[PDB]
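# A structural model of the following input is requested.
(2 chains, ligands or ions: 3)
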Amino acid sequence: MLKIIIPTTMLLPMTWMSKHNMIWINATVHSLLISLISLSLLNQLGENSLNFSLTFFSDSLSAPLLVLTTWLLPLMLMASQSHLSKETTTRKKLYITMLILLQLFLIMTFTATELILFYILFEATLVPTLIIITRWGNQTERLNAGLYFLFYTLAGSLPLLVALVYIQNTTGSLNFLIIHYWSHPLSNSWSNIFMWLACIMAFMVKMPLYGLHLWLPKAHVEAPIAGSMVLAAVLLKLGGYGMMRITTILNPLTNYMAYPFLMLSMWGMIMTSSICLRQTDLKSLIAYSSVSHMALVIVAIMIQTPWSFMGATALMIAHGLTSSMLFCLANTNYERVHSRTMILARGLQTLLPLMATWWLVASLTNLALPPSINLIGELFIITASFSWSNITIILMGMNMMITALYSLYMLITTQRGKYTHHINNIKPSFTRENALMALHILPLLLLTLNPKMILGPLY
Amino acid sequence: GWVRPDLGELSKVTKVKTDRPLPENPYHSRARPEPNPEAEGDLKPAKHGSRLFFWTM
Ligand SMILES: CCCCCCCCCCCCCCCCC[C@@H](O)O[C@H](CO[C@H](O)CCCCCCCCCCCCCCC)COP(=O)(O)OCC[N+](C)(C)C
Ligand SMILES: CCCCCCCCCCCCCCCCC[C@@H](O)O[C@H](CO[C@H](O)CCCCCCCCCCCCCCC)COP(=O)(O)OCC[N+](C)(C)C
Ligand SMILES: CCCCCCCC/C=C\CCCCCCCC(=O)O[C@H](COC(=O)CCCCCCC/C=C/CCCCCCCC)COP(=O)(O)OCCN
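Residues are numbered from 1 along each chain as shown, chains lettered A, B, ... in the order given. Ligands and ions are numbered 1, 2, ... in the order given. Dropping the coordinates below:
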């Protein structure tokens, strides 16, 4: 794997010795080049994995997430190029350094053949994010948001460390291959119940599960644009990836320990979808949409059937790309408007037609329109849950209808209607924003042609 | 015909020729417990390094 990790590390000296007016160009070019290198990992085989060495291994679950992580960084740089114009060279270089460190930690996390190394990098991914949120944030609530994001995650993930070291003491190894091959059933006991809770809660808090999602709207609203996309696209998938990796040792306890979380997610999807309808903010609406989709992913993972896992992976990738696009569009609107309110600027389609087209495409993809991978993952999870129980279809259909409703409400309120009269600084959209939207959307419509690349190991 | 001992004579250490057998164990001590194995050998490099979590060296 080192052919990927080493260039990401070399991105730091490359950035720090660049000229004052050429950091963005170099960072973007070499990030894109790195993404091309990461494409080779996608060719997985039906057998075990691509066991590179004793420390790193790649599966067909890690490959799509790794490619998405490597692809996101150029988009983050193009998004951050706007509001960092009046920033000193040292602070811009520090921002790029934080982004590069985040990418490096995520890359090392997603392979992480050993569970303790996975946990170490999984918590290491928390420092650059907190620095980005609390330093380059506009509102005065970024401090409280950073505190919430830190503590909600750390409180859940601290018992996970104890559970992992206990498992190593009893089992004798935490390597995922040995863990998978030597797995033994968990007896129904209070100690095993608490081991299950410790191993699960750390990933359920980050997903997030309904009832522990309070940190997500704050972190997404107060963060800068790049922090928002990296939170919505990749950082939410860490919990689901960890849960799908670690549910291999919790059987057969899960068969009855999944009921509270299944009920919480299947009701919180409806609750957050309804919340999206009555929202005065755009970024908050998108954050709640992300919560709903991640609740569906939680249900899929807890069902634990092959179709559930395939749909979960597809929905992970699709939601990451869609949420990143939606946050990009909201940021472009906010930069001209400087208000971040849904009804303050209206009828923008008459003034910016191409951005209206991008809004329509993003809303349609979020609406789970066929044959996009959004609906592929959605439908796989729906069929798996229907096999689990015939009554889930009611909740899932209600969620689908409310999702369509709030997506088209978001489109209509900001694009259709009569323009607001007292706003006269809606300049024509730059080439940077159009290119950003195109690079967000084209991979989705391209992946809809080859779904097997994002359907996970149980394909 | 007795000669008084001079200075430094009565404080001399002397030898006694006696037929009383030398006591073999005057302290009435028990048997000393067996010592530790104190094994020996040639050192070899640690098997698979430190074996501390994910460290391969
Ligand atoms: C008509 C043709 C149509 C199809 C064209 C397809 C072209 C594909 C090009 C894109 C390739 C994607 C990158 C793939 C990287 C993964 C593979 C890579 O890691 O392999 C390395 C090798 O990589 C190549 O040497 C270098 C390729 C890098 C460049 C790819 C071509 C495009 C580069 C564009 C860069 C910018 C161009 C100039 C712009 C100004 C190391 O290989 P190694 O592990 O040892 O192999 C061991 C097995 N052996 C012994 C049999 C070999
Ligand atoms: C708030 C936002 C979400 C946060 C996370 C929510 C998820 C946490 C909920 C925990 C999941 C279930 C916990 C225990 C499940 C075991 C089943 C048990 O509850 O049912 C009965 C257990 O009886 C009673 O429940 C005993 C436990 C009563 C005390 C527990 C507290 C109950 C209310 C507290 C709720 C607080 C939750 C949040 C804390 C901050 C069955 O009796 P029995 O068959 O004999 O024993 C089965 C176990 N055996 C087989 C190993 C022996
Ligand atoms: C966003 C906030 C979320 C907070 C999450 C916190 C709750 C996480 C679940 C409990 C965490 C502690 C579990 C302990 C770690 C697992 C270790 C383990 O499994 O070892 C058990 C030990 O089990 C325990 O010791 C558990 C004791 C728990 C003490 C701490 C209680 C913390 C709160 C409990 C209730 C929380 C549960 C619901 C939380 C919902 C989220 C708020 C086996 O014991 P042995 O010694 O091997 O016995 C074998 C011989 N018969």
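
# nearest spatial neighbour of residue A:113, skipping sequence neighbours?
Once flanking residues are discounted, residue A:113 sits nearest to residue A:57: 4.5 Å by C-beta to C-beta, 6 or more residues apart in numbering or on different chains. C-beta here means a position set from N, CA and C on the backbone, and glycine is covered the same way.

# Roughly how far does that neighbour sit from residue A:83?
Computed with C-beta to C-beta, to the nearest Å, the distance linking residue A:57 and residue A:83 is 39 Å.

# who has more neighbours, those two?
With neighbours defined as other C-beta atoms under 10 Å in any protein chain shown, residue A:57 and residue A:83 compare such that residue A:57 has more, 20 against 16.

# got a list of what the more buried one touches?
Contacts for residue A:57 (C-beta atoms under 8 Å, 6 or more residues apart in numbering or on different chains) come out as A:49-51, A:111, A:113, A:176-177.

# Tell me what it is bridged to.
Listed by DSSP bridges, the beta-bridge partners for residue A:57 are residue A:51.

# Residue B:55 and residue B:46 touch, don't they?
No: under the criterion of C-beta atoms under 8 Å, residue B:55 makes no contact with residue B:46, lying 11.5 Å away.

# By proximity to chain A, which residue of chain B wins?
Distance from chain A to each residue of chain B (C-beta to the nearest C-beta) is smallest for residue B:54, at 4.0 Å.

# Secondary structure of that residue: a strand, I assume?
No: if the criterion is DSSP: H, G, I helix; E, B strand; the rest coil, then residue B:54 is coil and not within a strand.

# Wait, it touches residue A:117, no?
Yes: contact between residue B:54 and residue A:117 holds when scored by C-beta under 8 Å: they sit 4.2 Å apart.

# Quickly list what's touching both of the two.
Both residue B:54 and residue A:117 are in contact with residue A:55, where contact means C-beta under 8 Å, 6+ apart.

# Those two: who's more crowded?
For residue B:54 versus residue A:117, neighbours defined as other C-beta under 10 Å are more numerous around residue A:117 (20 against 16).

# Distance-wise, check the more buried one relative to residue A:110.
When distances are taken as C-beta to C-beta, residue A:117 and residue A:110 turn out to be 12 Å apart.

# what do you get for residue A:201?
Taken as C-beta to C-beta, the spacing of residue A:201 relative to residue A:110 amounts to 21 Å.

# Tell me which of those two has more neighbours.
For residue A:201 against residue A:110, the residue with the higher neighbour count under other C-beta under 10 Å is residue A:110, and the figures read 26 against 20.

# so that one makes contact with residue A:67?
No: checked against C-beta under 8 Å, the pair residue A:110 and residue A:67 is beyond contact range at 10.1 Å.

# Can you name the residues of chain B that neighbour chain A?
B:53-54, B:56 (C-beta under 8 Å from any C-beta of the partner chain).

# Let me know how buried residue A:279 is, in neighbour terms.
The local packing count at residue A:279 equals 20, with neighbours defined by other C-beta under 10 Å.

# what's near enough to touch it?
Shown here is residue A:279, whose contacts under the criterion C-beta under 8 Å, 6+ apart are A:285, A:288, A:342.

# Equivalent analysis for residue A:20, please.
Residue A:20 sits in contact with residue A:89, where contact means C-beta under 8 Å, 6+ apart.

# Run a quick neighbour tally on residue 41.
Since no chain was named, I'll use chain A. Residues near residue A:41, counting by other C-beta under 10 Å, number 22.

# Chain B is the one I meant
One way to gauge burial is a neighbour count; for residue B:41, by other C-beta under 10 Å, it gives 5.

# Wait, a strand at it?
No: assignment of residue B:41 by three-state DSSP gives coil, placing it outside any strand.

# which non-adjacent residue is nearest the residue nearest in space to the middle of chain A?
For chain A, the residue lying nearest the average C-alpha position, counting by C-alpha atoms, centre = their mean, turns out to be residue A:233 (2.8 Å). Setting aside the residues directly before and after it, residue A:233 is nearest to residue A:320 in space (C-beta to C-beta, 6+ apart), at 3.9 Å.

# For the closest residue to ligand 2 within chain B, give me phi and psi.
Here chain B gets closest to ligand 2 at one residue, residue B:53, 29.1 Å apart by C-beta to the nearest ligand atom. Dihedral pair for residue B:53: phi 60, psi -120, per degrees, to the nearest 10.

# what about the closest residue to it other than its chain neighbours, how many residues close to it?
What sits nearest to residue B:53 in space, not counting adjacent residues and going by C-beta to C-beta, 6+ apart, is residue A:116, at 4.7 Å. Counted with other C-beta under 10 Å, the burial measure for residue A:116 works out to 18 neighbours.

# Same check on residue A:316?
Residues near residue A:316, counting by other C-beta under 10 Å, number 30.

# ok, and for the helix or strand containing it, which residues are buried?
In this assignment (DSSP states H and E), residue A:316 forms part of helix A:306-337. Residues of helix A:306-337 classed as buried by neighbour count (16 or more other C-beta atoms under 10 Å in any protein chain shown): A:307-334, A:336-337.

# Between residue B:55 and residue B:46, tell me which one has more neighbours.
Set residue B:55 next to residue B:46 and count neighbours by other C-beta under 10 Å: residue B:55 wins out with 11 against 8.

# residues contacting the more buried one?
Residue B:55 sits next to residue B:49 when contact means C-beta under 8 Å, 6+ apart.

# any idea how far residue B:49 is from it?
Using C-beta to C-beta, one gets 7 Å for the distance from residue B:55 to residue B:49.

# you'd agree residue A:402 is in a helix?
Yes: assessed by three-state DSSP, residue A:402 belongs to a helix.

# tally of neighbours for the residue of chain B closest to ligand 2?
Here the number of neighbours of residue B:53 (other C-beta under 10 Å) works out to 14.

# And for the one 3 residues further on?
The number of residues packed around residue B:56, counting by other C-beta under 10 Å, is 12.

# which residues in chain B form strands?
Shown for chain B, no strands are assigned by DSSP state E.

# and the stretch 1-150 of chain A, which of its residues are near chain B?
Counting by C-beta under 8 Å from any C-beta, the positions of the stretch 1-150 of chain A adjacent to chain B are A:54-55, A:113-114, A:116-117.

# try 10 Å
Counting by C-beta under 10 Å from any C-beta of the partner chain, the residues of the stretch 1-150 of chain A lying close to chain B are A:53-55, A:112-118, A:120.

# Return the member of these nearest to residue A:163.
The nearest member of the residues of the stretch 1-150 of chain A next to chain B to residue A:163, counting by C-beta to C-beta, is residue A:115 at 9.8 Å.

# doesn't residue A:242 make contact with the closest one?
Yes: the pair residue A:115 / residue A:242 is scored as a contact, 9.0 Å apart, by C-beta atoms under 10 Å.

# Please list all residues in contact with the nearest residue in space to residue A:71 that is not next to it in sequence.
With C-beta to C-beta, 6+ apart as the criterion, residue A:71 has its nearest non-adjacent residue at 4.8 Å, and that residue is residue A:35. Applying C-beta atoms under 10 Å, 6 or more residues apart in numbering or on different chains, one finds that residue A:35 lies in contact with A:4, A:67-74.

# mind putting these in CSV, secondary structure and distance to ligand 2 included?
Formatted as CSV, these follow (DSSP: H, G, I helix; E, B strand; the rest coil; distance: C-beta to the nearest ligand atom, whole Å):
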residue, secondary structure, distance to ligand 2
A:4, helix, 37
A:67, helix, 33
A:68, helix, 29
A:69, helix, 29
A:70, helix, 34
A:71, helix, 34
A:72, helix, 30
A:73, helix, 34
A:74, helix, 37
